[PDB]
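What follows is a structure written as structure tokens; I'll ask about it next.
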Amino acid sequence: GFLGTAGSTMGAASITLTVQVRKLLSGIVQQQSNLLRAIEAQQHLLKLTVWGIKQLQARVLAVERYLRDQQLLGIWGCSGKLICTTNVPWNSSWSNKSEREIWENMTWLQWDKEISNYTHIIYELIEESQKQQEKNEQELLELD
Amino acid sequence: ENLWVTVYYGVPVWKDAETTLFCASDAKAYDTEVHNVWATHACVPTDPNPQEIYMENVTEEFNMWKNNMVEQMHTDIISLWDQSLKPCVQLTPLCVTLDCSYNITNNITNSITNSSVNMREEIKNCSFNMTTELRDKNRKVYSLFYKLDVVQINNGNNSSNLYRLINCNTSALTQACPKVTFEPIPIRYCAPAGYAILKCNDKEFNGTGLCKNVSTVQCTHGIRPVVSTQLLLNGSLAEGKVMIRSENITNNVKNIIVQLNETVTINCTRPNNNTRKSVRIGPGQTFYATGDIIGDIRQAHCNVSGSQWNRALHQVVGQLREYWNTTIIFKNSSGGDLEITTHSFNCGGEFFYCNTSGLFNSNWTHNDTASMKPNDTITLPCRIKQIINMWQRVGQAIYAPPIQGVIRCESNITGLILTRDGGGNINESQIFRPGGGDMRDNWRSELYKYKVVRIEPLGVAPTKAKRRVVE
Amino acid sequence: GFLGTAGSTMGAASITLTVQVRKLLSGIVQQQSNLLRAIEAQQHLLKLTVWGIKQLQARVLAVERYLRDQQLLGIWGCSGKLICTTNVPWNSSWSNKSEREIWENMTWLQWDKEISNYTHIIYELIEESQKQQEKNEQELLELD
Amino acid sequence: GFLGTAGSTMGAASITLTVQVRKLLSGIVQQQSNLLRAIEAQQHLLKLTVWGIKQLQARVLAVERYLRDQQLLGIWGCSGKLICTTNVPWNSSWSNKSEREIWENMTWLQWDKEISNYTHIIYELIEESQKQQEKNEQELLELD
Amino acid sequence: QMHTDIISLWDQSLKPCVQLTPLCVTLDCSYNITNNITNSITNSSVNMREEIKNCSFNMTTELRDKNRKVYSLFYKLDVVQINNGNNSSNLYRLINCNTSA
């Protein structure tokens, strides 16, 4: 399950997430064995080039993607766990469906084939409503 | 009641920034499909949706003389020049001695205008050695040159004297990479994360001081960053009123910036056709010689509508009464250097030094009709140059190429930079005059509204609530 | 109103907080379009120079700024959300005031103006005083 | 106490952690004071080589290790603060020894080296066997 | 890292410097010259071996064909005599030249 772990699943792969999250920000693993301080064996010329700055800026852009992801997560106030649900349901705008049969006949990709017309709706609606609607404190029912 | 100190996040906060803004451009700079037109380093394209949001009921002091954007700006410009100069081959063998003839088989040798540009006709053509692709072989090739880029030597004072380049005896020279252009492109400097740019939208706002009509912005508007001495070309307009600015308006050395609300069709032009000859020196060394032009060859000159100049002068002198009701005189710069004495700019690669001497010949002391009623179109002499040492640094020099064809530079002027006289009287008669040694003010003359600011989203305030407590 | 739209508002500025943080680290949206990978317009030589590398450095420095922010928020127990309660009452050093005039008669700018020096103190309090004396849970009452 | 205040301690060491962290992660103020923009006093050529780009790369790699640390904190639900227990009981792989004398006479390394691999395997176990076994709710007694 | 960064900084500082490729051209040095002292305070096989010579050679202006003679001073450590010929005949050559750039 390095990058696999779901041949055809919608609910079984709902708990296999940790294996791939372990490697989401693991750019250092392959990098540790580089010995790139300036040289490896005795000596060399500068030799860091379009290749080097390409891998460097690639690591930068990947890290930037991840940072934007965690920013989006934090905005939702739902960062306490990967599998976190919502206080609002989805508008029944697709075809009238069935949870069971929908959870059997797709490799977590067919659901995404009817969302380009519904991505921003979900995204902005949750990001605004589920975020702003958190008041501060409770008043009456406590220890005292 | 109690001042329980609570923290908040997500509200603007303003502090001075020291960071970098980035490229922007339209499809033309990348649809041209030349290696790089004149900012192009795989530069980011522009943002078609400038989110320039307006804010009110706030205020801030703004200054363009304390601004850091100009320093980084000219540093990045010099970087552009150097990076474009890397592919340019070296022209040290081009510095070799050259023997010239002044007169040639041209129909005209002294053109119709005479303003000390035809007396010093400054047109000659010279032969000289260059290397063949075989090192054992060299060959004499000939081209055309003026007298400004060279000087006489071996002073047998006048018998077919040889010449030498002005910049070779002190500095190095290299090709201009003729495949790259020299015209500007609409730029929009963009803000990275953690910063913003505030445009002062006050229509009445002069150079520095307090401004309130705020426009918070991420990316600037269309900029045309072209170099000009004494003048502002292809720039923005003055909204609502003629803009007059100066660092210390009492002090005289501080130059005076002028932004008009009315443009002029400045056509500095070489109509007579040009020539180009690509000649192989070595394996990569290919020189672009100025060939022998066919036909009538008149000296390149320039044109302006002096009538619009007169009416805009009426406007600005009606505005220039800082402490006055009627006194002004203009005088030309009594000395300096050609790089600062004239209105110098770049156009189609050629460095046009157009001579803005038509300003000072005027006495607008009290009345404006006497110089407004003579509505007349001005013709002036404008010199041409091939080489340059931008920003007065003596280092690597650029050799601009032939432009074969004709050269037109029709443009809109919008502003000026001047200086008041040094040893001037107290109230007898104020004098102004042109100055162009400060190449830096030309860039802040449009970013005067723009100020770069950091972003510290942290905020704090007291309230009566409190966080969780155990006992 | 993407980042500002608080001209004269302090109490009214206690509700439009999230519209600012939505676009805080979104310079990536301005950066992803660079197309500086090897070449954009036709072609380029190595041509990866002070502009690109120090743009990358500015990305790095803004990232480090907001990461040091996020970690000192976490020190404050403050990464949960923007509104961030504290157990810290202000020591009696400011002049007379009202709970609303401070919250009504400014635009989020006059506050940081007049609280320049004192601010540091509060940090260490919320950095230390709120943290060390925090305990785990209660003992006595429960569902049964 | 950047790293000091613990020669052989677990109580004082556990009390002197925040000082160590806030002194360790003060490198951003060193980075702000670089002032290497183009030129230091008079004039410089480019002068940006493997030295500087790999200064930034070392910044990236160390902070990436820290990014993985925050990833770990998000995995274990351990992102609240440093005071963060674990639902696992320590297996008997260790050899007989008393608790407070380990707190007082192992300086946190004489323990770690002996429990180094067991720290790694129990890291894996606390990552796998902890978060997957969180129930959803209880309906017997609630707010309503 | 210390020696690596040292050599790297020395390279980077070597870049802006000017070059001396045409300065490498052949030379002719006179040892005995217009000077009075030859025996310094110390005599340990270093004063008679005064290791000081005044030496001429050609150089080039910024142009190609323009060449002019010029003289300077050199020690014995920088150059070596071409004993390949019959004798010295005032014939010397730089060693850093005829090994590297």
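The chains carry the letters A, B, C, D and E, assigned in the order they are written, with residues numbered from 1 in each.
Please note the rule applied: a residue touches a chain if its C-beta (ideal position, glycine included) is under 8 Å from a C-beta of that chain, and two chains touch if they have at least 3 such contacts.
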Problem set entry | Number of steps on the shortest touching-chain route linking chain B and chain C | 1
Seminar exercise, completed: Common contacts of chain C and chain E, by label, are A, B, D
Exercise. Busiest chain-chain interface by contact pairs, anyone?
Worked result: B-C
Problem set entry | Superposition rotation for chain A onto chain D, Cα-based, multiple of 5° | 120
Exercise. Using the average of all C-alpha atoms in each chain as its centre, how far is it in Å between chain B and chain D?
Worked result: 54
Problem set entry | Centroid distance [mean C-alpha coordinates] between chain C and chain A, Å | 23
For this session: Calculate how many whole Å lie between the centre of chain B and the centre of chain E, each centre taken as the average of the chain's C-alpha atoms.
Result: 48
For this session: Would you pick out the residues of chain A that each touch at least 2 other chains?
Result: 37-38, 46, 53, 56, 60, 63, 136
Exercise. Mind pulling the chain E residues that touch 2 or more other chains?
Worked result: 5, 8
Exercise. Across the complex, what residues on chain A touch chain E?
Worked result: 37-39, 43, 46
Exercise. Which of the residues in chain D end up touching chain E in this complex?
Worked result: 45, 47, 49-51
Exercise. Hey, which residues of chain C end up touching chain D in the complex?
Worked result: 49-50, 53-54, 56-57, 60-61, 64-65, 67-68, 71, 74-75, 77, 79, 127-128, 131, 134, 136, 143
Exercise. Which chain E residues qualify as touching chain B in the complex?
Worked result: 62-66
Exercise. Across the complex, what residues on chain B touch chain C?
Worked result: 1-14, 19-20, 22-23, 29-30, 32-37, 40-45, 47, 51, 53, 55-58, 76, 79, 83, 86-87, 190-194, 196, 214, 216, 218-219, 455-471
